[PDB]
Amino acid sequence: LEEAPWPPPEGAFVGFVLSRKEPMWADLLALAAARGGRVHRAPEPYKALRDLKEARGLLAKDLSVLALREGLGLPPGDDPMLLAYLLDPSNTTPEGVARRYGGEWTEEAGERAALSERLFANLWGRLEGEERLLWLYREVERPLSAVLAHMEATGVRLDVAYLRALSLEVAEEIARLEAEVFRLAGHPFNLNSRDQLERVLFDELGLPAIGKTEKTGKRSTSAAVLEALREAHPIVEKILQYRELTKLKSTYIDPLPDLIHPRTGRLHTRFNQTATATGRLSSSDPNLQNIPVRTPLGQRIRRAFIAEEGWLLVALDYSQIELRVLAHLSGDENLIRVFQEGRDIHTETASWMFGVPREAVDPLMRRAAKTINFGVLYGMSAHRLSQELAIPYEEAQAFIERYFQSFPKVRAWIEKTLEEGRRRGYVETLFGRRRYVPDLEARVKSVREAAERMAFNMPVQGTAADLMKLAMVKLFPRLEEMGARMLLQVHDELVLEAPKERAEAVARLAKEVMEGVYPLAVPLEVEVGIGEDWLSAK
DNA sequence: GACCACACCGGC
DNA sequence: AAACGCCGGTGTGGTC
Ligand SMILES: Nc1nc2c(ncn2[C@H]2C[C@H](O)[C@@H](COP(=O)(O)NP(=O)(O)OP(=O)(O)O)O2)c(=O)[nH]1
Ligand SMILES: [Mn+2]
Ligand SMILES: [Mn+2]
């Protein structure tokens, strides 16, 4: 490419180099653009951002987030990564996409701009005739990248002082647990080392091994194994408690306070758009899609996520979403009637599990039933189910039997999805998002059947992800008009932030947009709460 | 210091 | 651990 002076013409593709992967924290080291056989390198990258109409190129959203951080309303446009991801969701990195579609991902801005132009040309042509993937690109993924850019630059408020005080209380309890574990072991050791713990439990103590680890075949110390040994020795229960507290302290309580941005005073995640095999987003740096909620301590951590003063959080979450999606995809009349009657399969499975009336099912029980309902749907074995519920093997076998007997067209849909996946080489969502599963033809049964579980899960999980994305695209402009903020997406949930006096109107509107995103054979019901913290809004 | 595999476990 | 699926973060033990 011929070198030309900054600025570039309108519509040029950008390349850029960040001091680090996280756009909210990175220095903009270099900026360049390419168009019409020329490359334009910016002498002063920061000031040079003001010359761009949009961020068009590889990782476009990252540059848009950095621009918004600096007060510049630079939206992301075309991104070859999104094209590649729609053609094959194993296209997750610029390194791989470049090698695959005609370039090399380097560390120079000008070459990255030239690469973005070359890759877009080639990838755009590969989507000729792919009407459904083209619709997903233009109507979902490309506009969604702008929504996510704004969400990333906005962040969420965190009660730092609260978490600092919580850390000290948890530290004292961890001390009580480890000191007890060492007394029971007869000697201290590194309780964070699963190798050392393995030797204590199975060699020094006389506990029987239950399972082995995957890659190295060590005697497992997993929670599932410890639960099986809960009654064999009093050290086991303490280890499980130590694990819970240290997991939450090391992963949330201690690190999150240190990630508050100095200018915004809020916590900023990255919403990765080309990271999963199914079409889901992921969240990283930090991951805000796995904040605790299940245990008492976890709920205390979730309470640290708060609204700006004078505002409230609004949390919306699709009801039984993948089961509703399954009803539409499979057309099972029995499953459709379930939701047309307003029933709750999680609460009903819970009622059976704990032998109590539906009105007596608490959230803890219902959450456990959610795990059972989807575990069985996507292929959980009777053996594992019998151990999860502490019931005889024959009773777990009977539950799985009635589960599918209740919804006969589900098995039919699974078989048809797998047969089509073998012929075409891929499975697809309701909107045509595809995942290639070559191991459906594997000649090793264990491999083939693992691929089968991956394969018929994807249309269900992926359709739910398609629906959530489309709802975000529809909802975002309405929230801007209302002066509200979209903060987080957690797969089938949105967390919004609204002025207190508008919180109710925002909650009603967001609920209606999400429930009407795309009418199916069953209604899509959305549960909504409002509160000053994330837990309260649930 | 960065990076890695591994086992593991937080969420949906 | 076991024939649930999809993620990202941690400490250990180890290399470089
Ligand atoms: N395979 C699998 N999928 C899961 C699991 N947990 C969640 N998912 C998938 C399937 C779930 O549909 C989806 C969203 O998870 P939620 O919002 O926590 N539960 P839901 O929407 O079902 O019920 P309600 O909102 O009324 O409580 O994530 C699991 O253990 N396994
Ligand atoms: Mn839900
Ligand atoms: Mn949810």
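Heavy atoms only: backbone and side chains are in, while hydrogens, waters and symmetry mates are out. All chains are named by letter (A, B, ...) in the order of the sequence lines, taking the proteins before the strands, and each is independently numbered beginning at 1.
Rounded to an integer number of Å, the gap from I253(A) CD1 to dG10(B) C1' is 12 Å. Nucleotide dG9(C) holds its P atom 10 Å from the CG atom of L288(A), rounded to whole Å. One atom, CG of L226(A), and another, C1' of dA1(C), lie 11 Å apart when rounded to the nearest Å. The NZ-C1' distance, from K247(A) to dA7(B), rounds to 10 Å in whole Å. Following rounding to the nearest Å, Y378(A) (OH) and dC12(B) (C1') show an atom-to-atom distance of 12 Å. Taking atom CD of residue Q397(A) and atom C1' of nucleotide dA2(C), one finds them 15 Å apart after rounding to whole Å. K21(A) places its NZ atom 12 Å from the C1' atom of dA2(B), with the value rounded to the nearest Å. What separates CD of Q461(A) from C1' of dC6(C) is a distance of 4 Å, to the nearest Å.
To the nearest whole angstrom, the two P atoms, one in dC6(B) and one in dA2(C), are 16 Å apart. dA1(C) and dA7(B) have their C1' atoms separated by 13 Å, with the value rounded to a whole Å. Atom name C1', nucleotides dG9(C) and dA5(B): the rounded distance is 15 Å, in whole Å.
Between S283(A) and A455(A), the residue whose closest nucleotide on DNA chain C is further toward the 5' end is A455(A). The residue among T276(A) and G379(A) whose nearest nucleotide of DNA chain C lies closer to the 5′ end is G379(A).
A donor-acceptor pair shorter than 3.5 Å can be found between the side chains of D344(A) and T347(A). Looking only at atom types and distance, the side chain of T295(A) has a donor-acceptor partner in the side chain of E244(A) under 3.5 Å away.
Across all strands shown, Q387(A) has heavy atoms under 4.0 Å from base atoms, whether or not it also approaches the sugar-phosphate. Within 4.0 Å of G375(A), counting heavy atoms only, lies at least one base atom of the nucleic acid. At the heavy-atom level, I291(A) lies under 4.0 Å from the strands shown only through sugar-phosphate atoms. Note on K218(A): nothing from the nucleic acid sits closer than 4.0 angstrom, heavy atoms only.
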What's touching nucleotides 13-16 of chain C from the protein side, N or O pairs under 3.5 Å?
{"residue": "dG13(C)", "atom": "OP1", "partner": "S193(A)", "partner atom": "OG", "Å": "2.5"}
{"residue": "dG13(C)", "atom": "OP1", "partner": "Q196(A)", "partner atom": "NE2", "Å": "3.1"}

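We find that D195(A) and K218(A) are joined by a salt bridge, their nearest charged nitrogen and carboxylate oxygen being less than 4.0 Å apart. The pair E525(A)-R324(A) meets the salt-bridge criterion, since a charged nitrogen lies less than 4.0 angstrom from a carboxylate oxygen. Of the charged side-chain nitrogens involved, none lies within less than 4.0 Å of a carboxylate oxygen, so that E180(A) and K238(A) do not count as a salt-bridged pair.
Phosphate contact (OP1/OP2 of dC12(B), side-chain N/O of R367(A), threshold under 4.0 Å): present. The shortest distance between the side-chain N/O atoms of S381(A) and the OP1/OP2 oxygens of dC4(C) is below 4.0 Å. Contact annotation: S282(A) reaches the phosphate of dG8(C) (side-chain N/O to OP1 or OP2, under 4.0 Å). In this structure, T213(A) reaches the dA7(B) phosphate: one of its side-chain N or O atoms is under 4.0 Å from OP1 or OP2. Remark: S250(A) is not in phosphate contact with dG9(C), judged by side-chain N or O atoms under 4.0 Å from OP1 or OP2. Residue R435(A) places at least one side-chain N or O under 4.0 Å from the OP1 or OP2 atom of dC6(C). Between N290(A) and the phosphate of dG8(C), there is no side-chain N or O to OP1/OP2 separation shorter than 4.0 Å. OP1 or OP2 of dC4(C) sits under 4.0 Å from a side-chain N or O of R384(A).
Evaluation of the side-chain contact (heavy atoms from CB on, under 4.5 Å) rule for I210(A) yields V225(A), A228(A), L229(A) as partners, not counting sequence neighbours. A search for side-chain contact (heavy atoms from CB on, under 4.5 Å) contacts involving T251(A) returns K247(A), not counting sequence neighbours. Remark: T276(A) engages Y85(A), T278(A), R280(A), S282(A) in a side-chain contact (heavy atoms from CB on, under 4.5 Å) (not counting sequence neighbours). Under the ring-ring contact (aromatic ring centres under 6.0 Å, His included) criterion, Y242(A) pairs with no residue, sequence neighbours left out.
For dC7(C), the sugar pucker falls north, since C1'-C2'-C3'-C4' comes out positive. Going by the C1'-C2'-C3'-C4' torsion, the sugar of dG5(C) sits on the north side, since that angle is positive.
Proximity note for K215(A) (side chain, C-beta onward) versus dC7(C), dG5(C), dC6(B): the nearest is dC6(B). Counting only heavy atoms from C-beta on, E388(A) has its side chain closest to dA2(C) among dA2(C), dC6(C), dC4(C). For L248(A), the side-chain atoms get nearest to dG10(B) when compared with the rest of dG10(B), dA1(C), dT10(C). In the set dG10(B), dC12(B), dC9(B), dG10(B) carries the atom at the smallest distance from any side-chain atom of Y252(A). Here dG9(C) is the nucleotide among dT12(C), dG9(C), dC4(C) with the atom lying nearest to any side-chain atom of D285(A). Distance from the side chain of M380(A) is smallest to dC4(C) among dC6(C), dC12(B), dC4(C). The side chain of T278(A) has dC6(C) as its nearest neighbour among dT10(C), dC6(C), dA1(C). Of the candidates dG5(C), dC12(B), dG11(C), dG5(C) carries the atom nearest the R453(A) side chain, counting heavy atoms from C-beta on. You'll find that the side chain of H383(A) is closest to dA1(C), out of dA1(C), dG11(B), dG8(C). For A277(A), taking side-chain heavy atoms from C-beta onward, the closest of the listed nucleotides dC6(C), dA2(C), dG10(B) is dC6(C).
Partner of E348(A) under the salt bridge (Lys or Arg N to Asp or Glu O under 4.0 Å) criterion, chosen from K370(A), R366(A), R343(A): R343(A).
Screening residues 188-223 of chain A for ring-ring contact (aromatic ring centres under 6.0 Å, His included) gives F182(A)-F189(A), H187(A)-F189(A) as the qualifying pairs, with residues at least two apart or on separate chains.
For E214(A) against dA7(B), a side-chain-to-base donor-acceptor contact under 3.5 Å is absent.
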